[PDB]
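In what follows, chains carry the letters A, B, and so on, assigned in the order in which the sequence lines appear, proteins first and then strands, with residues in each chain numbered from 1. Values below: every heavy atom of this structure, side chains too, minus hydrogens, waters and symmetry copies.
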Amino acid sequence: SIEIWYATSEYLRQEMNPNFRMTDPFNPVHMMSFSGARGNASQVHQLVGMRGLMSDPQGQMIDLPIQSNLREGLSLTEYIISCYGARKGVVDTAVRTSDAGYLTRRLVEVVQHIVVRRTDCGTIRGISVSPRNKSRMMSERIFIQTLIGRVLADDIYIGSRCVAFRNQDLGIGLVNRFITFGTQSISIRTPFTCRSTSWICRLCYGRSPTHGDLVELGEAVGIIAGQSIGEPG
Amino acid sequence: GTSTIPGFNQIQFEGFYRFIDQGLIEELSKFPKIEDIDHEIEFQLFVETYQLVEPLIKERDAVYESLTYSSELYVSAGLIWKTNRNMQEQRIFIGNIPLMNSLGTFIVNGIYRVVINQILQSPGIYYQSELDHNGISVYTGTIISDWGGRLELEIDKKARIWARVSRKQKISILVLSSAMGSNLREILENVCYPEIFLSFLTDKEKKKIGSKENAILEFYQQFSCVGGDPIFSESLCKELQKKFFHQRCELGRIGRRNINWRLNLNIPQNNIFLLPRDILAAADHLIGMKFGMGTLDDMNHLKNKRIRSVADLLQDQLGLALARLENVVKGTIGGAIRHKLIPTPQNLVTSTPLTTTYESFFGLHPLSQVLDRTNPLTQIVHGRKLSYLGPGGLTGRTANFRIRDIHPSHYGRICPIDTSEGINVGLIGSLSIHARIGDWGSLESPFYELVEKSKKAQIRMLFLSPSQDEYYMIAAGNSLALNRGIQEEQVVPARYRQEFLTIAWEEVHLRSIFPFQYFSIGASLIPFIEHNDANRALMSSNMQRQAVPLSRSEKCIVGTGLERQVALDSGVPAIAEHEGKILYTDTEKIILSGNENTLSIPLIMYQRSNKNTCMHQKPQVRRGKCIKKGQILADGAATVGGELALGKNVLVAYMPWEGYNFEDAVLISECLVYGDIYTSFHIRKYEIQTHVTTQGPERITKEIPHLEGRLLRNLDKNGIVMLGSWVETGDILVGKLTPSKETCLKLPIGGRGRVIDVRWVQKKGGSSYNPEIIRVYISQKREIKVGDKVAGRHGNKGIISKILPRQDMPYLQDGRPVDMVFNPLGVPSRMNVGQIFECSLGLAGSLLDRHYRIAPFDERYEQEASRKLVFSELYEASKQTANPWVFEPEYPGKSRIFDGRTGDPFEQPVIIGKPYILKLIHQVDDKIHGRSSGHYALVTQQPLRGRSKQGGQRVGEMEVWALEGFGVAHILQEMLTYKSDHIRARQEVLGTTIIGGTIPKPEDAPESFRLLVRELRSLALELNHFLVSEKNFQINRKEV
Amino acid sequence: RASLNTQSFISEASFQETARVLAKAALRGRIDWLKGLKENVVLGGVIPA
Amino acid sequence: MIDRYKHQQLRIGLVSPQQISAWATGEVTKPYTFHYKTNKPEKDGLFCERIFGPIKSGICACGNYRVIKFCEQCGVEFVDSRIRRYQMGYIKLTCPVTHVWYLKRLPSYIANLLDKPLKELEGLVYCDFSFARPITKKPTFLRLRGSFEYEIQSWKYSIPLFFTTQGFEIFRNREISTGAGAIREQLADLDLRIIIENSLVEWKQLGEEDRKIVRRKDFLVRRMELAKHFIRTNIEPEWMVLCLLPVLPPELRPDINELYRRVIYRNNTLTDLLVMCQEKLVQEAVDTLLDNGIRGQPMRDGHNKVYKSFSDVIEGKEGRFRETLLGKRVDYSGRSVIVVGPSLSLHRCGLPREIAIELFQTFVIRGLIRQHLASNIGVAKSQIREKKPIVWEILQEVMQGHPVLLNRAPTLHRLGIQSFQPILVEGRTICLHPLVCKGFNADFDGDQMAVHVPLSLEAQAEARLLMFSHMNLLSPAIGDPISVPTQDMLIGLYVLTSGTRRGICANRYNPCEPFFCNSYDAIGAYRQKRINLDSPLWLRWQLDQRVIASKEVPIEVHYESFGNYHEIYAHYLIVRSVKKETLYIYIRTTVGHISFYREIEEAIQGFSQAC
Amino acid sequence: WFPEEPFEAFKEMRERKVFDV
RNA sequence: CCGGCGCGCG
DNA sequence: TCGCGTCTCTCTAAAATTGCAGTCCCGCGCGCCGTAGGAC
DNA sequence: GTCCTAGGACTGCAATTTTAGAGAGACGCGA
Ligand SMILES: [Mg+2]
Ligand SMILES: [Zn+2]
């Protein structure tokens, strides 16, 4: 009973969009979500498909499906069952905030003193980044977004020609050139390579997260790091 | 409540009546016959002579002049002077018992109070098992008494049973069993495993067990953890009995009932004490359940709970009241004996014990709360709340995470939707419409019984307690299904053993047939609630409690049929108490005469609530009309024709309009403003008190020095504002002089209005000076404005952000402009489709001159029942009124409307209608705050907190982090030194900015750091701030 | 734990276990050189960032 | 570059009784707070005016006055009442009392430095235990070692009778002692270097030989680490037992006064006797004053409520550090409900008249006085209170160029507070731009914001050049744009750029459009209702091929025998010739795509021309 | 992952330029 | 102008 | 004439529970109630 | 009337509470 009604509920959600795209492209519900404005496919499924299955507080699923959507109108039994998820959302709100707020305070606390105070600490170490690993075909998307804005710790060569110099910001053009050719090793300067745990330099940090260029002296990157992680909690 | 919806205050009404009948007598007993040490003088009460006399003050008078509505207690006492062998019996005075209003609320000091119900674990035996660090299962049985005393029976790693009492005090079963005298021989025979108990018998315990007293002393040693050997004495047992037997061994009537069930015991009901067999019987199951025999006890089950009404709370305080009286008498009899006098029984007893402990119960107890009188809906729902908090109950931090969840035993008893928002979520409940409190503190809901042919079954509606709720197969479906078989084999959804099934009708025992069975009052006022997501149902219930009564009220076109129930049970309208004829009607009174009994019913005219909302009544009958007892005579505020009327029916469109309904903003028309559609009266109260100082009492006079005649222009000769004067911000209300500094009462910011009531009243007391109190009531007519909050009954809330002229609003194909424009993007994310149903049907009803009262879950009759109702009524309105735009066959419910600025139609058809929209208390003129500078705290020297105190805004640590993220180090220092607490630099900033001559850095420490240094000095710690010059390396000590 | 082993006792005292931090630091004449952002916030001075 | 060196430090240290005296010099001797009748500061009491300073600055306890040193009768200074916030006092304890932080907290510092189990010291300080051989730097003649719980029978009668009283008491506190005095004597005569050497040698002996064989080592490492720090600092280990008790200034305690009374209540009782029980009562009074709740059951008041000590008031979320110092309430700040304004610029906000006049009050006063419309400050403030029509002109003038800071309540990142240029709007609500709501996480269903005014030129420059919204278009978390159109604007753009109906959704039957010279002609035809928003049309293109389309070859090429050929793609038509180099381009599009492209192009061109 | 074998780990550190002679 | 308790809003 | 397992403790090394210490989003609004006790 | 007036959930961790481990001075039995 659980799995037959979960498969039925999930099949309605899959066919909801092609039904909208082929037969009613300008349907208001479709446009309000397909354009990315307000609402996702899950919430529209609650309105035009079926609410599916709920779960009792102790993890287990209820052996009775909600086979009606909000337009049709839930039965008295279905409405009571749907109140299980309503109680969870309000209760889980009271713990998502009190925990993430505590987590954010500790995150800001540990790195509050980290400020860009030097132009170059003078380090020679560099974290090695490799595109090819014989255990998995690397996804080029991850290989790019991590490397953008990093400062090279060593020169990169293609044959007898230098294509990227030490202490040079890694643009997206260089990364694609590295991927296009067989460059197996990239050495970058990261916060792990700075010669200090009380401050960081401009080169070991990299490009500014908002200002486009290299990070500027006197920037409180530690608090920005703490806020950036705790904010989506 | 077998065939009708019961009165919403019937639980309060019946509880208080139970207290009067049995609570007084059961508590006037247990009052000791007070005897002196010499036994010469014996004082006793004759409880059978107890009486209550009707209060001397009228209920209107009690609240008018800040009194308490209570009745006198006049039991009789007999004092025995064995010296003279003469008896004297007099009607002595015990105290005042507060009386509950017919609405279910008390009055103390002129303040309406409500006593809410409490939920806590029912007495009995509870079986639980918790995993240890290594995952080894550890079973546990816990005795719960009538006062919350928990006696924990535990099995350890070595299978040794310990009767744990505290976190450290550990006592074995054998010592505890032999403490009461259970001989070691009989303990073995009555259990299935004599070997287990015998294996733990060390030679030291056996000797103490062999004699009754040695077990008692050893039990005392382990329970008290006191070094040394105690001596057996009568006082030791009494000291132990009060601490241990009085709190951990009296089960009560309810506690015995459960123990007889859970431990399967045939013990008589009258035994309200924990029999020694129960402990030995419990150990049988505890060890026996370890081997797969039985099931664990569900602690969140409602069958393991009890509900304490006003009957239990008022009776308990009487237990404290009379115990407080005996200590008064004991001091009084001892005092008069030492003077060898004969005191009259009246003088041995004062009224302070009863009166004060009830005066301080409503004032201080958390379960006693001020009645919320915003609207008729708030008056009744406040008294029906269930709370796990309060004394004897879990706190929010204490609350378990498995609690706050919905349990299957709640169905029909506790509303699954209504709960409080915030840290107290899931801990404040609400009773269902048909819920009833049983005779064991359990909640009951009515179910319809289906029985065989050979059964009388005079009444098939039986109320079901949660304990017996599981063992019935209860169906909620209908019998409108037939195939080539017979009807009894058709399948329907049902509940059984806390799960949902699908079984045939012939296996169904009970049916749930009431429409409002599972909901509270708030959720039962939402039409088409089955099309709204349950998350918004909780929000919608809260918003209806914030609706402001409007200066003019009208009924909703679409409702649920519970509005008439709410109006009747709120007491806001006038209800006849006697049949007869109407003879005279006007604003101030209604005169009704019937059966030689002529009555006069006054009408409330522009009175104030606790929430600054106006109360007003208008007649609903005409002269010459025959009236039945219990029929309506007049309509109150937010009540029309005997129904709850919290809002207005306005023309509404659902479309985006140039970003002025972005997110949740609402665009309205000027017609709602100059038409006074959402105009409400708001009345504030300003009190001033006269006190006796060392220099002399405060004086009230019109003549005030250093004040202009313009400010004092509205005062009379006595020095008080004149009745019916338009005051202004900064104007004077009560002129008072304190020897003489001006300590007058002035009108605060934004309080401009019309003075409507003045009350110059003296509180008569035993002093040469009596405290004079003045109360000024100021009415404020508030039309709807930008920033006000409006909401519908489907969780659709919004702020007014724009007001347009009627020629700019979009208009329909009949040329009428709409009144509100709502963003259509708010429906899909909020998932409240019931508002689309209501607006379309509200439009149809207005054209057809119809109102609709629809019970929820109408799809139990047929599929798409709400769609058929709305579409067919839309077409009927379209056809009868010749308005083809009202129902469009191409797109029912939607119509093409025109832009009021261009006259061109909008491209897509727009869903339009006439829904019911409310105006909420949350509005501007009560939230806009500003501050330049002013008063600071005495210790921290920081600006005050609060809009009423002209305080400033707080820049917390998270706001400091943001300023540090920007790197704005000089904005941060401003908000840390000379805008908050740097006393010297605050005064210089005030000076430079008025001359415009540049602000320098403070360079000194603020008063918050110097405050910290002194506190650290108080812990013998010195904190010095040193500056080392980078030029010559000279160390400079900063002044701190 | 890392936030309780810093070079400033003002940052530790204002984070957690104030009495434990201050008792240990005041016993050894601990010196805080105010090199961090939160240290200067307590004193009301300009942060070094 | 040479760094602008700044060497600033602060240090805490355990204080000395001499420093306590220098703080107070001034001893509080009586527990009286105020007169019951006159409510005047009782002399020598907790609020004594001679000890702490003059209430009502410049007056004595008698009532004399002088212009803002010591009085003769009452001996009260002639200074400001500021001193009552800073001047300390002290309580001269008859017996030394140990500091609770250094005895009862775990691990105990006193216990580790003296090297005795904690229970032994606790029994010595609280119970009636006497310690044998408290000091070593003075000779003894007895063989009593450890801390004998039972009183020595000989030492009670025999030795005092043989050694009489005077000389016996003279040498009494050198072989047997009890309480915190014995602990202080043990701490005073400690040789720290000997402690270090003994600990090191015992550690080596343990090592040269497995739970408590290690735990004893960790004690030795802890003890020699503890012993080293006393040598290099100026702290003395005997300062962990208090001889004087500093008293908080009265203006900081306008609960604490109750605990100060009990210390005086039990210390003044003890000096009357000069007995063991009263010594303990003084010690417990200091412990409750300093730190309640560590000794198991914390002392309560008459209402069965736990007292609040200095440790409680300095620690916790509501303590001094986390509530008074890390966050402050500020002046020149306001608050109101926020409503949406779609006509606002991205760098502007709307302020209510009341909030603006409160926040900019001093600037309005300066504007009034500067143009001779107000005689003085008082007249200007009176004019402001009267809501004169000229107050608003000056307010509107002074608000130009002066930024403000907006802030929503849950500031989760730095974009939770931003800077805007305020303008005067009617009503009582704050007008907020719609594109900055995502950064604030704000919607218009009841949310409110706080407003702050930078005062100094440095703060105004910081707000204008660092915190304005037009320079904060990217989020620091990942670098994504934060001010992106959402919801209604996104739906409008999606409808605008949703092109023609195509295929079976355009014609009922299988097919076996206007041509515009420029986009302005197409838009004008759309205004005159000649064409719809999504009706197809051909637009003559006189720029390079810059239309995003599928990289596909022409559907059909119409080659003429004269040389010209027409290449027909899915979205454009290209006319080429072999005789000439001419090349004409026609784009098949709608009015919506033209409108979107023209909107962005005109925005760029207008911004360029405006500069 | 650096391999659990100590000499393989040393070779990995040499190849990943974590540490060298 | 101080703290607890209760009720709310975002 | 001692010698021998060993009766009865004997003192400490090594885990094994066990009782504290500490912590647990932010920012607003409103109301009520304190401040107690005893021989006059 | 009163005017002075004296009870969660989890983690971390050192503190009791054993458990054991050997081990020895005087010894009743005994060779
Ligand atoms: Mg909001
Ligand atoms: Zn670096």
Side-chain angles (χ1 to χ4, degrees), chain A residues 1 5-6 8-9 12-13 16 29 42-56 61-89, chain B residues 406 408 410-412 415-418 432-433 474-478 480 492-495 500-502 512-520 522-541 560 793-796 827-838 854-870:
Chain A
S1 53
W5 288 109
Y6 186 84
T8 300
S9 182
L12 306 185
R13 202 199 313 261
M16 179 190 61
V29 200
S42 176
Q43 307 194 230
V44 183
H45 183 70
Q46 305 295 294
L47 300 174
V48 306
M50 64 167 59
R51 310 210 68 178
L53 295 168
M54 300 298 181
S55 179
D56 51 67
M61 311 213 68
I62 297 183
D63 207 65
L64 190 147
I66 305 181
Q67 67 177 17
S68 58
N69 53 76
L70 290 172
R71 190 209 69 246
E72 303 169 352
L74 303 191
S75 68
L76 178 60
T77 304
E78 291 169 352
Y79 199 78
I80 296 178
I81 294 180
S82 74
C83 292
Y84 280 94
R87 181 58 63 88
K88 298 178 181 302
Chain B
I406 302 181
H410 293 3
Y411 301 160
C415 178
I417 295 180
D418 198 71
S432 295
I433 293 298
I474 305 180
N478 56 86
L480 299 173
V492 286
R495 299 194 318 264
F500 294 91
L501 305 179
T502 302
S512 183
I513 66 174
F514 284 149
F516 300 103
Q517 171 136 23
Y518 297 94
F519 294 154
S520 60
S524 299
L525 294 169
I526 302 174
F528 310 104
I529 188 177
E530 65 277 357
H531 306 273
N532 300 324
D533 191 14
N535 297 90
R536 288 285 146 165
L538 171 63
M539 303 178 54
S540 174
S541 305
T560 62
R793 292 172 299 182
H794 311 268
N796 43 326
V827 182
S829 55
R830 278 57 186 257
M831 289 181 297
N832 41 6
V833 192
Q835 57 174 151
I836 304 301
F837 279 107
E838 176 198 6
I854 308 148
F857 308 99
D858 53 353
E859 282 77 28
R860 65 185 191 271
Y861 302 101
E862 56 182 331
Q863 288 202 323
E864 312 278 1
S866 302
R867 175 172 177 258
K868 301 181 69 175
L869 164 66
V870 173

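Salt-bridge annotation for B:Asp533 and A:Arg51: present, with a side-chain N of the basic residue lying under 4.0 Å from a carboxylate O of the acidic one. In summary, B:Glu864 and A:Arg71 engage in a salt bridge, as defined by a charged side-chain N under 4.0 Å from a carboxylate O.
Note that CD of B:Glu530 is 4.5 Å distant from OG of B:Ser866, once rounded to the nearest 0.5 Å. Here B:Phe837 contributes atom CZ and B:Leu869 contributes atom CG; the two are 9.0 Å apart, rounded to the nearest 0.5 Å. Taking CD1 from A:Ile80 and CG from A:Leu64, the interatomic distance works out to 11.0 Å, rounded to the nearest 0.5 Å. One distance of note links CD1 of A:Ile66 with CD1 of A:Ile81; it measures 5.5 Å at 0.5 Å rounding. Considering CD of A:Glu72 and CD of A:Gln67, their distance stands at 8.5 Å, rounded to 0.5 Å. The CD atom of B:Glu862 lies 10.0 Å from the CG atom of B:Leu480; values are rounded to the nearest 0.5 Å.
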Show your working on side-chain contact (heavy atoms from CB on, under 4.5 Å) between B:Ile526 and B:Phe519 and close with a plain yes or no. CA-CA 11 Å; B:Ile526 302 174; B:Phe519 294 154; over 6 Å; no
Stepwise, does the side-chain contact (heavy atoms from CB on, under 4.5 Å) test hold for A:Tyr79 with B:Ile529? CA-CA 9 Å; A:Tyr79 199 78; B:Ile529 188 177; 3.4 Å; yes
Kindly determine whether A:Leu76 and B:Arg860 satisfy side-chain contact (heavy atoms from CB on, under 4.5 Å), including the steps that lead there. CA-CA 8 Å; A:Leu76 178 60; B:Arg860 65 185 191 271; over 6 Å; no
Derivation of the side-chain contact (heavy atoms from CB on, under 4.5 Å) call for A:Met50 and A:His45: CA-CA 6 Å; A:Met50 64 167 59; A:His45 183 70; 4.2 Å; yes
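Nearest heavy-atom pair across B:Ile417 and B:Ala534 is CG2-O, 4.4 Å. Nearest approach of A:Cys83 to B:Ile406, heavy atoms of both residues: O-CD1, 3.3 Å. Closest approach of B:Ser512 and B:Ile474 over heavy atoms only: N-CG2, 4.3 Å. Closest of all the heavy-atom pairs between A:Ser82 and A:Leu74 is OG-CD1, 3.7 Å. Considering every non-hydrogen atom in both A:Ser55 and A:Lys88, the closest pair reads O-CE, 3.5 Å. In terms of heavy-atom proximity, A:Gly73 sits nearest to A:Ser68 at O-OG, 3.6 Å.
Between the side chain of B:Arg793 and the backbone N or O of B:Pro527, no donor-acceptor pair lies under 3.5 Å. Checked by atom type and distance alone, the side chain of B:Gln517 never pairs as donor or acceptor with a backbone atom of B:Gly412 at under 3.5 Å. Side-chain atoms of B:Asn532 never come within 3.5 Å of backbone atoms of B:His794 as a donor-acceptor pair (strictly under, hydrogens ignored). Between the side chain of B:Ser541 and the main chain of B:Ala537, a donor-acceptor pair closer than 3.5 Å is present. Formation of a donor-acceptor pair under 3.5 Å by the B:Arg536 side chain with backbone atoms of B:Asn832 is not found in this model. Remark: the backbone N or O of A:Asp63 is not paired with any side-chain donor or acceptor of A:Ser1 at under 3.5 angstrom. In terms of modelled atom types and a separation under 3.5 Å, the side chain of B:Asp418 and the main chain of B:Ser520 share no donor-acceptor contact. Of the possible donor and acceptor atoms, none in the side chain of B:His410 sits under 3.5 Å from a partner among the backbone N and O of B:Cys415.
The shortest side-chain heavy-atom distance between B:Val827 and B:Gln835 falls under the 4.5 Å cut-off. Considering only heavy atoms from C-beta on, A:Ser42 comes within 4.5 Å of A:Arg13 through its side chain. In this structure, the side chains of B:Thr560 and B:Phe516 come closer than 4.5 Å at one or more pairs of heavy atoms. A:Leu47 is not listed as a side-chain neighbour of A:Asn69, based on a closest heavy-atom distance of 4.5 Å or more.
If you check the side chains of B:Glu859 and A:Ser75, you find no donor sitting under 3.5 Å from an acceptor.
Atom CD of B:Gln863 has 12 or fewer neighbouring heavy atoms from other residues, nucleotides or ligands inside a 6.0 Å radius.
Ring geometry, B:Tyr411 versus A:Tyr84: the interplanar angle exceeds 60°, so the pair is classed perpendicular (tilted spans 30 to 60°).
Under the 6.0 Å cut-off for aromatic ring centres, B:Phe857 and B:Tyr518 do not qualify, their centroids lying 6.0 Å or more apart.
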